[PDB]
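Chemist: This is the structure I want to talk about, given as structure tokens.
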Amino acid sequence: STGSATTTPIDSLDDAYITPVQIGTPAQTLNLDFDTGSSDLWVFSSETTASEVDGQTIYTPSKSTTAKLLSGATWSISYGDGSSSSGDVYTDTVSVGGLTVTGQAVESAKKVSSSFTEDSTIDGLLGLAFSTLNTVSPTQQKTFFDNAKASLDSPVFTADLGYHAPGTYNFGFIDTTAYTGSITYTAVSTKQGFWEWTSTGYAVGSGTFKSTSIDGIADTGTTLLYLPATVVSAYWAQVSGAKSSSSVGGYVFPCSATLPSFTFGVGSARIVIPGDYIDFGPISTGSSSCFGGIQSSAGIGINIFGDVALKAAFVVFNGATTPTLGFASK
């Protein structure tokens, strides 16, 4: 089997991407944030505290003839941005782009933190990291990809995120028309539960490539590119007037600037992030200070190849017995 679904930016900045997902019988379609940095499929629901729902579409398990309470199971997750959610668990039929999994754990939110409430466009998350990170207790549950894998034509999914435009998540096949050149594959460590890999270096604009190992994670659920402070300083030093602002929470730059590109290495291959992809717009409405799309990872503990980086590539998440990542230009 295969599946193919379009993923759409939630706003004009590509702050996140939403993909329609069918849950239950008859189908209830929710727009989920596909997150290769976590491993829970959770949704706003008829159980979510009413004051914490503000415009999201909810899953109502009592209206699904295939929903079953997973008795005794609870979940609770906290994300790197400080947001969180928790609740109980149903199993139900879940379909993405024509690919159907029966008995998928659908984690129903009883509580969500304010940033989820405040984002009316995201109805939940669909985790695509390794199932060892799934938070369901006392019986850990499998991701949608893990459940689908054996049925797929090939044990892979691909992320093809658009810049200020829709893109595609495919399951079970590699669309050879969706990228240019060849796909360069690179080793993955699953030891932390992430799609963790080592970039071979970087360049800023037209500058020379610096060969240096940068361990980080391919994370579709993180908006920006978070790299070591040395690398980030070297980038922003090429932008007149750019500075790190403690009050704003990262590097800012004059909105009048033209940003240089940023290149990252994948083995001997190179992925070029155009400068425009690094512009996240005014820090507040009407400001002439703009927020940068490359930020320091120093306070995180891990480097994160988020959407800013991934949207410059066609990315293969290869879930074979030894997982690997593939990157192609497009």
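Ordering of the structure tokens sets the chain letters (A, B, ...), residue numbers begin anew at 1 in every chain, and ligands are numbered from 1 in the order given.
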If you run DSSP on this backbone, which residues of region 1-219 of chain A come out as helix (DSSP H, G or I), and could you give them as JSON, numbers by chain?

Modeler: {"A": [50, 51, 52, 61, 62, 63, 114, 115, 116, 117, 118, 131, 132, 133, 144, 145, 146, 147, 148, 149, 150, 151]}

Chemist: Write out, as a tab-separated table (two decimals), in the first residue's frame, the residues just selected, with C-alpha atoms.

Modeler:
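So part10.tsv came out as:
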chain	number	residue	atom	x	y	z
A	50	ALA	CA	-14.03	23.40	26.85
A	51	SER	CA	-12.21	26.62	27.77
A	52	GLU	CA	-9.08	25.22	26.08
A	61	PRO	CA	-15.01	9.05	19.74
A	62	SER	CA	-18.63	8.40	20.74
A	63	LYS	CA	-19.61	9.16	17.13
A	114	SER	CA	-2.27	27.79	25.94
A	115	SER	CA	-0.19	27.77	22.76
A	116	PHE	CA	-2.29	24.89	21.40
A	117	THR	CA	-5.56	26.61	22.34
A	118	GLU	CA	-4.37	29.82	20.71
A	131	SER	CA	7.83	4.65	18.85
A	132	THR	CA	10.23	4.40	21.80
A	133	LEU	CA	9.31	8.06	22.49
A	144	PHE	CA	1.04	5.60	12.52
A	145	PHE	CA	4.14	4.87	10.42
A	146	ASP	CA	5.20	1.97	12.62
A	147	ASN	CA	1.72	0.44	12.37
A	148	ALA	CA	1.57	0.96	8.58
A	149	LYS	CA	5.14	-0.07	7.81
A	150	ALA	CA	4.66	-3.79	7.13
A	151	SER	CA	1.85	-3.04	4.67

Chemist: Can you list, as number ranges by chain, every protein, DNA or RNA residue that comes within 9 Å of residue 9 (chain A) when you count only C-alpha atoms, leaving out same-chain residues fewer than 4 positions away?

Modeler: A: 13-18, 161-167

Chemist: For CA of residue 234 (chain A) and CA of residue 207 (chain A), quote the distance in Å rounded to one decimal.

Modeler: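 Interatomic distance here is 10.6 Å.
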
Chemist: Quick one, how far is CA of residue 72 (chain A) from CA of residue 103 (chain A)?

Modeler: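 CA of residue 72 (chain A) sits 16.2 Å away from CA of residue 103 (chain A).
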
Chemist: Which of region 144-259 of chain A end up as strand (DSSP E or B) when DSSP is run on this backbone - answer as JSON, numbers by chain?

Modeler: {"A": [156, 157, 158, 159, 160, 167, 168, 169, 170, 171, 184, 185, 186, 187, 189, 196, 197, 198, 199, 200, 201, 202, 203, 204, 210, 211, 212, 213, 214, 215, 216, 217, 218, 225, 226, 227, 243, 244, 245, 250, 251, 252, 253, 254]}
